[PDB]
Structure formats: C-alpha cells, structure tokens
>>> print(open('data-v9.txt').read())   # compact mmCIF, N, CA and C atoms
# COMPACT_ATOMS: atom_id res chain seq x y z
N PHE A 2307 4.00 -3.17 -60.32
CA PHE A 2307 4.20 -2.29 -59.17
C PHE A 2307 4.74 -3.04 -57.95
N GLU A 2308 5.25 -4.26 -58.15
CA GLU A 2308 5.81 -5.02 -57.04
C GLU A 2308 7.01 -4.29 -56.44
N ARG A 2309 7.91 -3.80 -57.29
CA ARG A 2309 9.02 -2.98 -56.80
C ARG A 2309 8.51 -1.69 -56.18
N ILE A 2310 7.51 -1.05 -56.79
CA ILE A 2310 6.95 0.18 -56.24
C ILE A 2310 6.35 -0.08 -54.87
N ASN A 2311 5.60 -1.18 -54.74
CA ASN A 2311 5.00 -1.52 -53.46
C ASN A 2311 6.06 -1.83 -52.41
N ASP A 2312 7.11 -2.55 -52.79
CA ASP A 2312 8.18 -2.86 -51.84
C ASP A 2312 8.89 -1.60 -51.37
N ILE A 2313 9.18 -0.68 -52.30
CA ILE A 2313 9.84 0.57 -51.93
C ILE A 2313 8.93 1.40 -51.02
N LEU A 2314 7.63 1.44 -51.32
CA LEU A 2314 6.70 2.17 -50.47
C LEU A 2314 6.65 1.56 -49.07
N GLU A 2315 6.64 0.23 -48.98
CA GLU A 2315 6.64 -0.43 -47.68
C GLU A 2315 7.90 -0.11 -46.90
N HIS A 2316 9.05 -0.12 -47.57
CA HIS A 2316 10.31 0.21 -46.90
C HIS A 2316 10.31 1.65 -46.41
N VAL A 2317 9.80 2.58 -47.22
CA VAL A 2317 9.74 3.98 -46.81
C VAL A 2317 8.80 4.15 -45.62
N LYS A 2318 7.65 3.46 -45.65
CA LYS A 2318 6.72 3.52 -44.53
C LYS A 2318 7.36 2.99 -43.26
N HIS A 2319 8.08 1.87 -43.36
CA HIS A 2319 8.74 1.30 -42.19
C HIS A 2319 9.81 2.24 -41.65
N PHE A 2320 10.57 2.88 -42.55
CA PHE A 2320 11.58 3.84 -42.10
C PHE A 2320 10.93 5.03 -41.39
N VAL A 2321 9.81 5.52 -41.92
CA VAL A 2321 9.12 6.63 -41.27
C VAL A 2321 8.61 6.22 -39.90
N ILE A 2322 8.03 5.02 -39.79
CA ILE A 2322 7.54 4.54 -38.51
C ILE A 2322 8.68 4.41 -37.50
N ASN A 2323 9.82 3.86 -37.94
CA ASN A 2323 10.96 3.72 -37.04
C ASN A 2323 11.50 5.08 -36.61
N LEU A 2324 11.55 6.04 -37.53
CA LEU A 2324 12.02 7.38 -37.18
C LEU A 2324 11.09 8.03 -36.16
N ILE A 2325 9.78 7.89 -36.35
CA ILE A 2325 8.82 8.45 -35.40
C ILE A 2325 8.96 7.78 -34.04
N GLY A 2326 9.12 6.45 -34.03
CA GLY A 2326 9.32 5.76 -32.77
C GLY A 2326 10.60 6.16 -32.06
N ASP A 2327 11.67 6.42 -32.82
CA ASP A 2327 12.91 6.91 -32.23
C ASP A 2327 12.76 8.31 -31.67
N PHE A 2328 12.05 9.19 -32.38
CA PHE A 2328 11.83 10.57 -31.95
C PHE A 2328 10.38 10.69 -31.50
N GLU A 2329 10.13 10.34 -30.24
CA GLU A 2329 8.81 10.40 -29.66
C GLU A 2329 8.67 11.68 -28.83
N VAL A 2330 7.44 11.97 -28.40
CA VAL A 2330 7.19 13.12 -27.53
C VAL A 2330 6.74 12.71 -26.14
N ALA A 2331 6.25 11.49 -25.94
CA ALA A 2331 5.83 11.06 -24.61
C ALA A 2331 7.00 10.99 -23.64
N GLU A 2332 8.19 10.63 -24.14
CA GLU A 2332 9.38 10.65 -23.29
C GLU A 2332 9.68 12.07 -22.82
N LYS A 2333 9.58 13.05 -23.73
CA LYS A 2333 9.80 14.44 -23.34
C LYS A 2333 8.75 14.90 -22.33
N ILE A 2334 7.49 14.50 -22.53
CA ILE A 2334 6.44 14.87 -21.59
C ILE A 2334 6.70 14.26 -20.22
N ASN A 2335 7.13 12.99 -20.18
CA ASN A 2335 7.44 12.35 -18.91
C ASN A 2335 8.60 13.04 -18.21
N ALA A 2336 9.64 13.41 -18.97
CA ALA A 2336 10.76 14.13 -18.37
C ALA A 2336 10.32 15.48 -17.83
N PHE A 2337 9.46 16.19 -18.57
CA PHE A 2337 8.97 17.48 -18.12
C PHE A 2337 8.12 17.34 -16.86
N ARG A 2338 7.29 16.29 -16.80
CA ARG A 2338 6.50 16.05 -15.60
C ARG A 2338 7.39 15.72 -14.41
N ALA A 2339 8.45 14.95 -14.64
CA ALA A 2339 9.41 14.68 -13.57
C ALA A 2339 10.07 15.97 -13.09
N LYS A 2340 10.44 16.85 -14.02
CA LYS A 2340 11.02 18.14 -13.64
C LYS A 2340 10.04 18.96 -12.82
N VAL A 2341 8.77 18.98 -13.23
CA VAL A 2341 7.76 19.74 -12.51
C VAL A 2341 7.56 19.19 -11.11
N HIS A 2342 7.50 17.86 -10.98
CA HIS A 2342 7.36 17.25 -9.66
C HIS A 2342 8.55 17.57 -8.78
N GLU A 2343 9.76 17.53 -9.35
CA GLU A 2343 10.96 17.87 -8.58
C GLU A 2343 10.91 19.31 -8.11
N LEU A 2344 10.48 20.23 -8.98
CA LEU A 2344 10.40 21.63 -8.59
C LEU A 2344 9.35 21.85 -7.51
N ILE A 2345 8.21 21.17 -7.61
CA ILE A 2345 7.17 21.29 -6.59
C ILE A 2345 7.68 20.77 -5.25
N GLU A 2346 8.36 19.63 -5.26
CA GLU A 2346 8.94 19.10 -4.02
C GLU A 2346 10.00 20.04 -3.46
N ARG A 2347 10.82 20.64 -4.33
CA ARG A 2347 11.83 21.59 -3.88
C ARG A 2347 11.20 22.81 -3.22
N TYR A 2348 10.12 23.34 -3.81
CA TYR A 2348 9.49 24.53 -3.24
C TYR A 2348 8.68 24.19 -1.99
N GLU A 2349 8.28 22.93 -1.84
CA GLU A 2349 7.62 22.45 -0.63
C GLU A 2349 6.36 23.24 -0.31
N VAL A 2350 5.34 23.13 -1.17
CA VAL A 2350 4.11 23.89 -0.99
C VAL A 2350 3.39 23.50 0.30
N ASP A 2351 3.51 22.25 0.73
CA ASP A 2351 2.82 21.81 1.95
C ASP A 2351 3.33 22.57 3.17
N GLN A 2352 4.64 22.75 3.29
CA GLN A 2352 5.18 23.52 4.40
C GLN A 2352 4.70 24.96 4.35
N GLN A 2353 4.66 25.55 3.15
CA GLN A 2353 4.21 26.93 3.02
C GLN A 2353 2.76 27.08 3.44
N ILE A 2354 1.90 26.16 3.01
CA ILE A 2354 0.48 26.26 3.36
C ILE A 2354 0.27 26.01 4.85
N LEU B 2115 -25.41 34.34 19.68
CA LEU B 2115 -24.22 35.18 19.64
C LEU B 2115 -22.96 34.37 19.86
N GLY B 2116 -22.99 33.43 20.81
CA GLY B 2116 -21.82 32.63 21.11
C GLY B 2116 -21.52 31.53 20.11
N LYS B 2117 -22.52 31.13 19.32
CA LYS B 2117 -22.29 30.07 18.34
C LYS B 2117 -21.41 30.53 17.18
N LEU B 2118 -21.42 31.83 16.87
CA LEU B 2118 -20.68 32.31 15.71
C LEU B 2118 -19.18 32.07 15.81
N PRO B 2119 -18.48 32.44 16.90
CA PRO B 2119 -17.05 32.11 16.97
C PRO B 2119 -16.78 30.61 16.96
N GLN B 2120 -17.64 29.82 17.60
CA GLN B 2120 -17.46 28.37 17.58
C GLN B 2120 -17.60 27.81 16.17
N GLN B 2121 -18.60 28.29 15.42
CA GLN B 2121 -18.78 27.85 14.04
C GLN B 2121 -17.60 28.29 13.18
N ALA B 2122 -17.10 29.51 13.41
CA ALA B 2122 -15.94 29.98 12.66
C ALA B 2122 -14.71 29.11 12.93
N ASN B 2123 -14.49 28.74 14.19
CA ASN B 2123 -13.36 27.87 14.52
C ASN B 2123 -13.54 26.48 13.93
N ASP B 2124 -14.76 25.96 13.94
CA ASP B 2124 -15.01 24.66 13.33
C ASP B 2124 -14.74 24.69 11.83
N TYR B 2125 -15.16 25.77 11.16
CA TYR B 2125 -14.85 25.93 9.75
C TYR B 2125 -13.35 26.03 9.52
N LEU B 2126 -12.64 26.79 10.36
CA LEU B 2126 -11.21 26.97 10.19
C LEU B 2126 -10.45 25.66 10.37
N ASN B 2127 -10.79 24.89 11.41
CA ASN B 2127 -10.03 23.68 11.69
C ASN B 2127 -10.45 22.50 10.82
N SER B 2128 -11.69 22.51 10.31
CA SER B 2128 -12.10 21.47 9.38
C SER B 2128 -11.33 21.57 8.06
N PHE B 2129 -11.22 22.78 7.51
CA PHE B 2129 -10.49 23.00 6.27
C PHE B 2129 -9.07 23.50 6.56
N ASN B 2130 -8.34 22.70 7.33
CA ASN B 2130 -6.98 23.03 7.72
C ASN B 2130 -5.99 22.46 6.71
N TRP B 2131 -4.69 22.47 7.05
CA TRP B 2131 -3.67 22.04 6.10
C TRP B 2131 -3.76 20.56 5.77
N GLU B 2132 -4.49 19.77 6.57
CA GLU B 2132 -4.68 18.37 6.24
C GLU B 2132 -5.37 18.21 4.89
N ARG B 2133 -6.47 18.94 4.69
CA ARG B 2133 -7.18 18.86 3.42
C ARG B 2133 -6.34 19.41 2.28
N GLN B 2134 -5.57 20.47 2.55
CA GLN B 2134 -4.70 21.03 1.52
C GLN B 2134 -3.66 20.01 1.07
N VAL B 2135 -3.01 19.34 2.03
CA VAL B 2135 -2.00 18.35 1.69
C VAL B 2135 -2.64 17.15 1.00
N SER B 2136 -3.83 16.75 1.44
CA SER B 2136 -4.52 15.63 0.80
C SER B 2136 -4.84 15.94 -0.66
N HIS B 2137 -5.36 17.14 -0.93
CA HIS B 2137 -5.68 17.51 -2.31
C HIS B 2137 -4.42 17.69 -3.14
N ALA B 2138 -3.34 18.20 -2.53
CA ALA B 2138 -2.08 18.30 -3.25
C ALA B 2138 -1.55 16.93 -3.65
N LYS B 2139 -1.64 15.96 -2.74
CA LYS B 2139 -1.21 14.60 -3.05
C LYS B 2139 -2.11 13.97 -4.11
N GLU B 2140 -3.41 14.24 -4.05
CA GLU B 2140 -4.31 13.76 -5.10
C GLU B 2140 -3.92 14.32 -6.46
N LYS B 2141 -3.63 15.62 -6.52
CA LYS B 2141 -3.23 16.23 -7.78
C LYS B 2141 -1.90 15.67 -8.28
N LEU B 2142 -0.94 15.46 -7.37
CA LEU B 2142 0.34 14.88 -7.77
C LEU B 2142 0.16 13.46 -8.30
N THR B 2143 -0.69 12.66 -7.64
CA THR B 2143 -0.95 11.31 -8.12
C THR B 2143 -1.62 11.32 -9.49
N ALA B 2144 -2.58 12.22 -9.69
CA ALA B 2144 -3.22 12.33 -10.99
C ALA B 2144 -2.23 12.75 -12.07
N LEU B 2145 -1.34 13.69 -11.75
CA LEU B 2145 -0.33 14.12 -12.71
C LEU B 2145 0.65 13.00 -13.04
N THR B 2146 1.07 12.22 -12.04
CA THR B 2146 2.05 11.17 -12.25
C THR B 2146 1.46 9.90 -12.86
N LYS B 2147 0.14 9.72 -12.77
CA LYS B 2147 -0.51 8.54 -13.34
C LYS B 2147 -1.46 8.90 -14.48
N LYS B 2148 -2.46 9.74 -14.22
CA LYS B 2148 -3.45 10.05 -15.25
C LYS B 2148 -2.87 10.98 -16.30
N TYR B 2149 -2.06 11.95 -15.89
CA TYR B 2149 -1.46 12.90 -16.82
C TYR B 2149 -0.10 12.41 -17.32
N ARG B 2150 -0.07 11.18 -17.82
CA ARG B 2150 1.13 10.60 -18.40
C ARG B 2150 0.76 9.87 -19.68
N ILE B 2151 1.42 10.23 -20.77
CA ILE B 2151 1.15 9.61 -22.07
C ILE B 2151 1.86 8.26 -22.09
N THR B 2152 1.08 7.18 -22.12
CA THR B 2152 1.65 5.84 -22.12
C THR B 2152 2.25 5.54 -23.48
N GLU B 2153 3.58 5.38 -23.53
CA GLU B 2153 4.23 5.00 -24.77
C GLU B 2153 3.83 3.61 -25.23
N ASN B 2154 3.35 2.76 -24.32
CA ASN B 2154 2.90 1.43 -24.71
C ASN B 2154 1.73 1.50 -25.67
N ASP B 2155 0.72 2.32 -25.36
CA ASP B 2155 -0.41 2.48 -26.27
C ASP B 2155 0.03 3.09 -27.59
N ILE B 2156 0.97 4.03 -27.55
CA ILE B 2156 1.48 4.64 -28.77
C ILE B 2156 2.12 3.58 -29.67
N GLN B 2157 2.95 2.72 -29.09
CA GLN B 2157 3.63 1.71 -29.89
C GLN B 2157 2.66 0.64 -30.37
N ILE B 2158 1.65 0.30 -29.56
CA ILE B 2158 0.63 -0.65 -30.01
C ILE B 2158 -0.13 -0.08 -31.20
N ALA B 2159 -0.51 1.20 -31.13
CA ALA B 2159 -1.20 1.82 -32.26
C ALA B 2159 -0.31 1.87 -33.49
N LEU B 2160 0.97 2.20 -33.31
CA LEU B 2160 1.89 2.25 -34.45
C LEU B 2160 2.03 0.87 -35.09
N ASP B 2161 2.19 -0.17 -34.28
CA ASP B 2161 2.33 -1.52 -34.82
C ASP B 2161 1.05 -1.98 -35.50
N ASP B 2162 -0.11 -1.65 -34.93
CA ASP B 2162 -1.37 -2.01 -35.56
C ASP B 2162 -1.52 -1.31 -36.91
>>> encode(input="data-v9.txt", output="structure tokens")
Amino acid sequence: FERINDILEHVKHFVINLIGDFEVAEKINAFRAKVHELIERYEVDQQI
Amino acid sequence: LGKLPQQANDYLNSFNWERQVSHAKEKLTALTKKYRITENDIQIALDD
C-alpha cells in the first residue's frame, strides 16, 4: 500500500491546498469592511 | 417638587450622545477585532 498511501497523501495535500485557496475568513473580513464603510457613510453618531 | 425637573435634566445630560458615541465606538472596535476570523489560526490548524 506504499503507492496507495502516497496517492492518499497527495490527494489530502491537494484538498488542503484547495481549501486554503478558497477560504471564508477573507469573505467575512471583506463583508465586515463593507459593513463598517456603510455605517460610516450613514453616520449614526450625527443622527443620534 | 423642584427636585424632579433637576433629576430629569441630570438623567438626560448624563446619558447624552457622548455615551452613545462611546458605545458605538466600543461596538465597532469589537467588530473589527473580536468579530474577525483570524486566518492565522485557521492556517496553523490546517498545518497541524
């Protein structure tokens, strides 16, 4: 199973790299930046 | 009888827009720091 183990390791590494390339924390950070920008644009402090 | 308007004004000016802006800034700081998924921890967990 040396070849089987090597192929499994390669597949696992490819899956890990794909997940690292397609992350969700970057999307969450971008969304939080958008929310902060919208809050600053609406200027809640001036309204209150 | 005269203390009631004075107490009402003290309540109004104590909880003025200063506290509102302070709490808004606290919430923004928590969102920008505490409410952020650190990709560093994600990558450390993936590598481990």
>>> interface_residues(input="data-v9.txt", of="chain A", to="chain B", cutoff="8 Å", atoms="all atoms listed in the file", output="ChimeraX atom specification")
/A:2322,2326,2330-2332,2334-2335,2338-2339,2342,2350-2351,2354
>>> atom_distance(input="data-v9.txt", atom1="atom CA of residue 2147 of chain B", atom2="atom CA of residue 2324 of chain A")
27.0 Å
>>> atom_distance(input="data-v9.txt", atom1="atom C of residue 2148 of chain B", atom2="atom C of residue 2336 of chain A")
14.0 Å
>>> atom_distance(input="data-v9.txt", atom1="atom N of residue 2347 of chain A", atom2="atom CA of residue 2127 of chain B")
26.5 Å
>>> select_by_dssp(input="data-v9.txt", residues="chain B", states="alpha helix (DSSP H)", output="PyMOL selection string")
chain B and resi 2117-2128+2131-2143+2153-2161
>>> build_atoms(input="data-v9.txt", residues="segment 2139-2157 of chain B", atoms="N, CA, C and O atoms", output="PDB file, in the frame of the given file")
ATOM      1  N   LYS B2139      -1.640  15.960  -2.740  1.00  0.00           N
ATOM      2  CA  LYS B2139      -1.210  14.600  -3.050  1.00  0.00           C
ATOM      3  C   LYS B2139      -2.110  13.970  -4.110  1.00  0.00           C
ATOM      4  O   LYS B2139      -1.625  13.231  -4.976  1.00  0.00           O
ATOM      5  N   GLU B2140      -3.410  14.240  -4.050  1.00  0.00           N
ATOM      6  CA  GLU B2140      -4.310  13.760  -5.100  1.00  0.00           C
ATOM      7  C   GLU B2140      -3.920  14.320  -6.460  1.00  0.00           C
ATOM      8  O   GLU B2140      -3.881  13.582  -7.455  1.00  0.00           O
ATOM      9  N   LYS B2141      -3.630  15.620  -6.520  1.00  0.00           N
ATOM     10  CA  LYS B2141      -3.230  16.230  -7.780  1.00  0.00           C
ATOM     11  C   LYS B2141      -1.900  15.670  -8.280  1.00  0.00           C
ATOM     12  O   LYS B2141      -1.737  15.424  -9.480  1.00  0.00           O
ATOM     13  N   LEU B2142      -0.940  15.460  -7.370  1.00  0.00           N
ATOM     14  CA  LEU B2142       0.340  14.880  -7.770  1.00  0.00           C
ATOM     15  C   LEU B2142       0.160  13.460  -8.300  1.00  0.00           C
ATOM     16  O   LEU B2142       0.786  13.077  -9.294  1.00  0.00           O
ATOM     17  N   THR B2143      -0.690  12.660  -7.640  1.00  0.00           N
ATOM     18  CA  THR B2143      -0.950  11.310  -8.120  1.00  0.00           C
ATOM     19  C   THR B2143      -1.620  11.320  -9.490  1.00  0.00           C
ATOM     20  O   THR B2143      -1.256  10.528 -10.364  1.00  0.00           O
ATOM     21  N   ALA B2144      -2.580  12.220  -9.690  1.00  0.00           N
ATOM     22  CA  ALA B2144      -3.220  12.330 -10.990  1.00  0.00           C
ATOM     23  C   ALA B2144      -2.230  12.750 -12.070  1.00  0.00           C
ATOM     24  O   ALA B2144      -2.263  12.217 -13.184  1.00  0.00           O
ATOM     25  N   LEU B2145      -1.340  13.690 -11.750  1.00  0.00           N
ATOM     26  CA  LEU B2145      -0.330  14.120 -12.710  1.00  0.00           C
ATOM     27  C   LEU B2145       0.650  13.000 -13.040  1.00  0.00           C
ATOM     28  O   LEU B2145       1.029  12.835 -14.210  1.00  0.00           O
ATOM     29  N   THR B2146       1.070  12.220 -12.040  1.00  0.00           N
ATOM     30  CA  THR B2146       2.050  11.170 -12.250  1.00  0.00           C
ATOM     31  C   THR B2146       1.460   9.900 -12.860  1.00  0.00           C
ATOM     32  O   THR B2146       2.199   9.091 -13.420  1.00  0.00           O
ATOM     33  N   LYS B2147       0.140   9.720 -12.770  1.00  0.00           N
ATOM     34  CA  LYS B2147      -0.510   8.540 -13.340  1.00  0.00           C
ATOM     35  C   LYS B2147      -1.460   8.900 -14.480  1.00  0.00           C
ATOM     36  O   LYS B2147      -1.285   8.418 -15.605  1.00  0.00           O
ATOM     37  N   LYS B2148      -2.460   9.740 -14.220  1.00  0.00           N
ATOM     38  CA  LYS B2148      -3.450  10.050 -15.250  1.00  0.00           C
ATOM     39  C   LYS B2148      -2.870  10.980 -16.300  1.00  0.00           C
ATOM     40  O   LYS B2148      -3.161  10.826 -17.495  1.00  0.00           O
ATOM     41  N   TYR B2149      -2.060  11.950 -15.890  1.00  0.00           N
ATOM     42  CA  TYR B2149      -1.460  12.900 -16.820  1.00  0.00           C
ATOM     43  C   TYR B2149      -0.100  12.410 -17.320  1.00  0.00           C
ATOM     44  O   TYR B2149       0.904  13.116 -17.249  1.00  0.00           O
ATOM     45  N   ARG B2150      -0.070  11.180 -17.820  1.00  0.00           N
ATOM     46  CA  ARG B2150       1.130  10.600 -18.400  1.00  0.00           C
ATOM     47  C   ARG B2150       0.760   9.870 -19.680  1.00  0.00           C
ATOM     48  O   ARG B2150      -0.108   8.991 -19.660  1.00  0.00           O
ATOM     49  N   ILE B2151       1.420  10.230 -20.770  1.00  0.00           N
ATOM     50  CA  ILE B2151       1.150   9.610 -22.070  1.00  0.00           C
ATOM     51  C   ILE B2151       1.860   8.260 -22.090  1.00  0.00           C
ATOM     52  O   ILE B2151       3.091   8.187 -22.072  1.00  0.00           O
ATOM     53  N   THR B2152       1.080   7.180 -22.120  1.00  0.00           N
ATOM     54  CA  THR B2152       1.650   5.840 -22.120  1.00  0.00           C
ATOM     55  C   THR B2152       2.250   5.540 -23.480  1.00  0.00           C
ATOM     56  O   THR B2152       1.528   5.450 -24.482  1.00  0.00           O
ATOM     57  N   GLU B2153       3.580   5.380 -23.530  1.00  0.00           N
ATOM     58  CA  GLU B2153       4.230   5.000 -24.770  1.00  0.00           C
ATOM     59  C   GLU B2153       3.830   3.610 -25.230  1.00  0.00           C
ATOM     60  O   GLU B2153       3.950   3.304 -26.424  1.00  0.00           O
ATOM     61  N   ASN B2154       3.350   2.760 -24.320  1.00  0.00           N
ATOM     62  CA  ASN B2154       2.900   1.430 -24.710  1.00  0.00           C
ATOM     63  C   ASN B2154       1.730   1.500 -25.670  1.00  0.00           C
ATOM     64  O   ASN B2154       1.726   0.822 -26.707  1.00  0.00           O
ATOM     65  N   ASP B2155       0.720   2.320 -25.360  1.00  0.00           N
ATOM     66  CA  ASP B2155      -0.410   2.480 -26.270  1.00  0.00           C
ATOM     67  C   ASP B2155       0.030   3.090 -27.590  1.00  0.00           C
ATOM     68  O   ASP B2155      -0.480   2.707 -28.656  1.00  0.00           O
ATOM     69  N   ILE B2156       0.970   4.030 -27.550  1.00  0.00           N
ATOM     70  CA  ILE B2156       1.480   4.640 -28.770  1.00  0.00           C
ATOM     71  C   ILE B2156       2.120   3.580 -29.670  1.00  0.00           C
ATOM     72  O   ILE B2156       1.850   3.526 -30.875  1.00  0.00           O
ATOM     73  N   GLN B2157       2.950   2.720 -29.090  1.00  0.00           N
ATOM     74  CA  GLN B2157       3.630   1.710 -29.890  1.00  0.00           C
ATOM     75  C   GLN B2157       2.660   0.640 -30.370  1.00  0.00           C
ATOM     76  O   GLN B2157       2.803   0.123 -31.483  1.00  0.00           O
TER      77      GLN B2157
END
